[PDB]
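Colleague:
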Amino acid sequence: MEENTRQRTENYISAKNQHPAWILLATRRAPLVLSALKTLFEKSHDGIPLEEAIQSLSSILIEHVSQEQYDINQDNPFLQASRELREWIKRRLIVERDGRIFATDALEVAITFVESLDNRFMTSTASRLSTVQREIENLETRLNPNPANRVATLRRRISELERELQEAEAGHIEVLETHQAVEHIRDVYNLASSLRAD
Amino acid sequence: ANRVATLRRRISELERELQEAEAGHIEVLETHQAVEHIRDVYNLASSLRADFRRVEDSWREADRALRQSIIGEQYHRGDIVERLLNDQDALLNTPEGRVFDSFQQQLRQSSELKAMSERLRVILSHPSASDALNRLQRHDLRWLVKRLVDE
Amino acid sequence: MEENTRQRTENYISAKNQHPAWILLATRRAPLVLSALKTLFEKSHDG
DNA sequence: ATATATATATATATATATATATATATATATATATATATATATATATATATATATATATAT
DNA sequence: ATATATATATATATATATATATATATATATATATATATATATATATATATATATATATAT
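Protein chains in written order, with the deposited numbering: chain A, 1 to 198; chain B, 148 to 298; chain C, 1 to 47.
Below, the structure written as structure tokens:
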């Protein structure tokens, strides 16, 4: 709407010039950068000792010296790991506190971007639908202030559960098939794993 | 027996909830809670379309491949029919295919999708919605179910 | 995943050279174009 | 004896000079968008010609 | 007789020129990036002057 039309463009001109997560993706070296940093943080997100990170990064740096165009240092990869952690602090990718480095939120967004990007299989998956389903049901039922309507909700849901209880009394249980189970599991991982986000 | 006990505990939960509701003790999403709750539910759906994107790309690519391969004279009629059937089965069993198939299966039980759209309308009616979502988001969510069906 | 521990850099090297969106985010003019395009499509729901 | 009080000693902080690590100003090269140019395609108009269908003259 | 054949106009197509917009490509100027020379911060040995106490004299 016009309310934000003219304003928004400037809102984006700003982010391009200053916001880190965007700035990184503009730099030529962005691929190696983001790959390596994902590598570093993946092992655990509780926080890494600085020089432990120096060591692991230097190890990863040598792995990719074969990427010739970026001239990854050879005579002392450990020193280069240090000179590059300096950069990822100065560029606000990793604030370090308590002596252990960490990933600025800008890095979280940038990383969750590239992952979704490539054409490997998707972030969401089938269960997502049943998820929005049940949550919408619950969200409506709660949001509804009319008490008789909550009564109707409870009556219908309890009658459903009564059907299934009677069936279970007769032993008519059913379970996900590997298809469904695997799908739901990947979904649930991708779901709770967003709580960690903010 | 595990499922039996699960059902027993759930029915007891809902029994207590009904007893409270009949006593007049219903509870509403406190006005601020509702806002974030809605923002959450919106964010949840905000993936489905962006992945039907890839469902389209995959089946489009499969079609392009089957065409491009049909030029091979070497292919008997029986070869091409088999290639078709196998391409479709493969594209179906892949995750995006599983998503598409799940969606389609839902369409057999249309009542669920229709009820979902109904509840979406009811939700977007509530005043809090205006705060939780600018005009555009409310528009799109109001018309989610369609924008999947069409897709 | 361990294979991906090296192959991953390959994917990202790929995206930054070919994938449209990524390439878009890079060019200098990008924000203006992206903002405007959203402005257009924003109203649209059938194209 | 215990307690005050002694010169010397233990241990230290500071100072000088040395080397190495880091931060920065600057240079330079490469990557990239953008202007200029030639050839192409689109569409216009202008005009000639071909086409269908009918008006019309005609055979038997 | 019924129906056949020619001339006319009309409706359409084709052809040509002018112009403009497009696309493909060259050359250019600009920006990012990495590379460099310099000055400065950390760590160290030796040496000295210092505070704390031993070691110690001396005392009640």
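We put the CB at the ideal spot given by N, CA and C, even for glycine.
For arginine 6 of chain A, go through chain B and note every residue whose CB falls closer than 9 Å to its CB, in chain order.
Modeller: Counting from one through the first sequence, the residue named residue 6 of chain A turns up at place 6. Those do not exist, as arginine 6 of chain A stays about 16 Å from chain B at its closest Cβ, beyond 9 Å.
Colleague: I'd like to know if residue 97 of chain B contacts chain A, where contact means its C-beta is closer than 8 Å to some C-beta of that chain.
Modeller: Residue coverage of chain B in this structure runs from 148 to 298, which leaves residue 97 of chain B outside it and unanswerable.
Colleague: Output yes if chain B places a C-beta closer than 8 Å to the C-beta of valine 132 of chain A; else output no.
Modeller: Locating residue 132 of chain A in the first sequence gives position 132, where the first residue counts as 1. Yes, its Cβ sits closer than 8 Å to a Cβ of chain B.
Colleague: Between the Cα of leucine 34 of chain C and the Cα atoms of A/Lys16, A/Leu37, A/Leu107 and A/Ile23, which residue gives the shortest distance?
Modeller: Locating residue 34 of chain C in the third sequence gives position 34, counting from the first residue. When each option's Cα is compared against that of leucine 34 of chain C, the closest is A/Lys16.
Colleague: In whole angstroms, give me the CA-to-CA distance for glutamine 251 of chain B and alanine 30 of chain A.
Modeller: Translated into positions along the second sequence, residue 251 of chain B becomes position 104. Translated into positions along the first sequence, residue 30 of chain A becomes position 30. If I take the Cα positions, the gap works out to 40 Å.
Colleague: If the cut is a Cβ gap below 8 Å, which residues of chain A does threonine 241 of chain B touch?
Modeller: Translated into positions along the second sequence, residue 241 of chain B becomes position 94. The answer, in chain order, is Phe121.
Colleague: Using only the alpha-carbon positions, how far apart do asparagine 146 of chain A and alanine 276 of chain B sit?
Modeller: Walking along the first sequence from the start, residue 146 of chain A turns up at place 146. Walking along the second sequence from the start, residue 276 of chain B turns up at place 129. Cα to Cα, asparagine 146 of chain A sits roughly 18 Å from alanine 276 of chain B.
Colleague: Could you compute how far the alpha carbon of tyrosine 12 of chain A sits from the alpha carbon of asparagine 190 of chain B?
Modeller: Here residue 12 of chain A is taken as the residue at index 12 of the first sequence, counted from 1. Here residue 190 of chain B is taken as the residue at index 43 of the second sequence, counted from 1. Their Cα atoms are separated by approximately 22 Å.
Colleague: Taking only the alpha-carbon atoms, compute the straight-line gap between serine 56 of chain A and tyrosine 70 of chain A and give it to the nearest angstrom.
Modeller: In the first sequence, the residue the question calls residue 56 of chain A occupies position 56. In the first sequence, the residue the question calls residue 70 of chain A occupies position 70. The straight-line gap from Cα to Cα measures roughly 19 Å.
Colleague: Is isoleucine 173 of chain B close to chain A? Criterion is C-beta to C-beta, closer than 8 Å.
Modeller: Residue mapping note: residue 173 of chain B aligns to position 26 of the second sequence, counting from 1. Yes, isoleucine 173 of chain B lies at the interface with chain A (some Cβ there is under 8 Å from its Cβ).
Colleague: With burial defined as no fewer than 16 other Cβ atoms inside 10 Å of the residue's Cβ, what is the status of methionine 263 of chain B: buried or exposed?
Modeller: What you label residue 263 of chain B is simply residue 116 of the second sequence in a count that begins at 1. The residue is buried, with at least 16 neighbouring Cβ atoms inside 10 Å.
Colleague: What is the rounded straight-line gap between the Cα of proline 20 of chain C and the Cα of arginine 6 of chain C?
Modeller: As a first step, residue 20 of chain C is located in the third sequence; it is residue number 20 there, counting from the start. As a first step, residue 6 of chain C is located in the third sequence; it is residue number 6 there, counting from the start. Using only the alpha carbons, I get a separation of about 24 Å.
Colleague: Assuming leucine 139 of chain A and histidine 184 of chain B form a contact by the criterion Cβ under 8 Å, report the distance between their Cβ atoms to the nearest whole angstrom.
Modeller: Numbered from its first residue, the first sequence carries residue 139 of chain A at position 139. Numbered from its first residue, the second sequence carries residue 184 of chain B at position 37. The pair is a contact, with the Cβ atoms about 6 Å apart (cut-off 8 Å).
Colleague: Quick one: complete beta strand (DSSP E) runs, 3+ long, within the stretch 217-282 of chain B?
Modeller: Those beta strand (DSSP E) runs which fall completely within the stretch 217-282 of chain B and span 3+ residues do not exist here.
Colleague: Might you give, ordered along the chain, the residues of its own chain that have their beta carbon closer than 7 Å to the beta carbon of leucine 24 of chain C, omitting 5 neighbours on each side?
Modeller: Translated into the one-based positions of the third sequence, residue 24 of chain C becomes position 24. Excluding residues within five positions, the ones whose Cβ falls inside 7 Å are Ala30 and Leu34.
Colleague: If we call anything under 8 Å between Cβ atoms a contact, is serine 124 of chain A one with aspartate 204 of chain B?
Modeller: One-based indexing of the first sequence puts residue 124 of chain A at position 124. One-based indexing of the second sequence puts residue 204 of chain B at position 57. In this structure, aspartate 204 of chain B does not lie closer than 8 Å to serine 124 of chain A by Cβ.
Colleague: Between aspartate 287 of chain B and the rest of its own chain, which residues show a CB-CB distance below 6 Å, the 5 nearest in sequence each way excluded?
Modeller: Sequence index remark: in the second sequence, residue 287 of chain B carries index 140 (1-based). There are no such residues.
Colleague: Please decide whether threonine 125 of chain A counts as near chain C, where near means a Cβ-Cβ distance under 8 Å.
Modeller: Numbered from its first residue, the first sequence carries residue 125 of chain A at position 125. Output row for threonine 125 of chain A: interface = no.
Colleague: Note down the Cα distance separating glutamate 164 of chain A from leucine 154 of chain B, rounded to an integer number of angstroms.
Modeller: Locating residue 164 of chain A in the first sequence gives position 164, counting from the first residue. Locating residue 154 of chain B in the second sequence gives position 7, counting from the first residue. Cα-Cα distance, rounded: 8 Å.
Colleague: Just the Cα atoms here: how many angstroms apart are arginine 230 of chain B and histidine 179 of chain A?
Modeller: In the second sequence, counting from the first residue as 1, residue 230 of chain B sits at position 83. In the first sequence, counting from the first residue as 1, residue 179 of chain A sits at position 179. The alpha-carbon atoms of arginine 230 of chain B and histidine 179 of chain A are separated by roughly 24 Å.
Colleague: Which term fits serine 66 of chain A, buried or exposed, when burial requires 16 or more other beta carbons within 10 angstroms of its beta carbon?
Modeller: Within the first sequence, the letter at position 66 stands for residue 66 of chain A. Looking at its Cβ environment, which holds fewer than 16 other Cβ atoms inside 10 Å, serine 66 of chain A is exposed.
Colleague: Using a Cβ cut-off of 9 Å, pull out every chain C residue sitting near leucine 25 of chain A, in sequence order please.
Modeller: As a first step, residue 25 of chain A must be located in the first sequence, where it is residue number 25. By Cβ distance, chain C contributes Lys16, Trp22, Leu25 and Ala26.
Colleague: Using a Cβ-Cβ cutoff of 7 Å, what residues of the stretch 44-65 of chain A are near chain C? List them in chain order.
Modeller: The stretch 44-65 of chain A vs chain C, Cβ under 7 Å: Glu63 and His64.
Colleague: Rank A/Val151, A/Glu42 and A/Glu3 by C-alpha distance to the C-alpha of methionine 1 of chain C and give the top, closest one.
Modeller: As a first step, residue 1 of chain C is located in the third sequence; it is residue number 1 there, counting from the start. The candidate whose alpha carbon is nearest that of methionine 1 of chain C is A/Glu42.
Colleague: Is the CB-CB distance between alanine 26 of chain A and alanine 26 of chain C below 8 Å?
Modeller: Position 26 of the first sequence holds residue 26 of chain A. Position 26 of the third sequence holds residue 26 of chain C. Contact flag set, yes.
Colleague: Per DSSP, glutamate 96 of chain A is paired with what?
Modeller: Taking the first residue of the first sequence as 1, we reach residue 96 of chain A at position 96. In the DSSP output, where bridge partners are listed per residue, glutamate 96 of chain A has A/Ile101.
Colleague: Which chain C residues are close to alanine 148 of chain A, counting only those with a beta carbon under 9 Å from its beta carbon?
Modeller: For the purposes of this step, residue 148 of chain A is identified with residue 148 of the first sequence, where counting begins at 1. Simply none; closest approach about 36 Å.
Colleague: Are the beta-carbon atoms belonging to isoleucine 111 of chain A and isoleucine 101 of chain A less than 8 Å from one another?
Modeller: The residue you call residue 111 of chain A lines up with position 111 of the first sequence. The residue you call residue 101 of chain A lines up with position 101 of the first sequence. No, they are not a contact pair.
Colleague: Just list the residues that DSSP pairs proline 49 of chain A with in beta bridges.
Modeller: Looking up residue 49 of chain A in the first sequence gives position 49. For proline 49 of chain A, which the question treats as bridged, DSSP gives the partners A/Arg100.
Colleague: Taking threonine 104 of chain A as the reference, give the member of A/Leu161, A/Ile136, A/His45 and A/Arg128 with the closest Cα.
Modeller: Here residue 104 of chain A refers to the residue found at position 104 when the first sequence is read from its first residue. Looking at the Cα atoms, A/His45 is the closest of the given residues.
Colleague: Please report the distance separating the alpha-carbon of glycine 244 of chain B from that of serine 193 of chain B.
Modeller: Position 97 of the second sequence, counted from the first residue, corresponds to residue 244 of chain B. Position 46 of the second sequence, counted from the first residue, corresponds to residue 193 of chain B. Each residue's alpha carbon lies about 19 Å from the other.
Colleague: Tell me, please, whether the CB atom of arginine 163 of chain A is closer than 8 Å to any CB atom in chain B?
Modeller: Taking the first residue of the first sequence as 1, we reach residue 163 of chain A at position 163. Judged by the 8 Å Cβ criterion, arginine 163 of chain A is not in contact with chain B.
Colleague: Does any residue of chain C have a CB that is nearer than 8 Å to the CB of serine 35 of chain A?
Modeller: Working through the first sequence from its first residue, we reach residue 35 of chain A at position 35. Interface residue, yes.
Colleague: Using a threshold of 8 Å, state whether the C-beta atoms of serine 82 of chain A and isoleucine 60 of chain A are closer than that.
Modeller: Taking the first sequence and counting its residues from 1, one reaches residue 82 of chain A at position 82. Taking the first sequence and counting its residues from 1, one reaches residue 60 of chain A at position 60. No, these two residues do not count as a Cβ contact at 8 Å.
Colleague: Return helix, strand or coil for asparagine 138 of chain A, following the three-state DSSP convention.
Modeller: The residue given as residue 138 of chain A occupies position 138 in the first sequence. Three-state result, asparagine 138 of chain A: helix.
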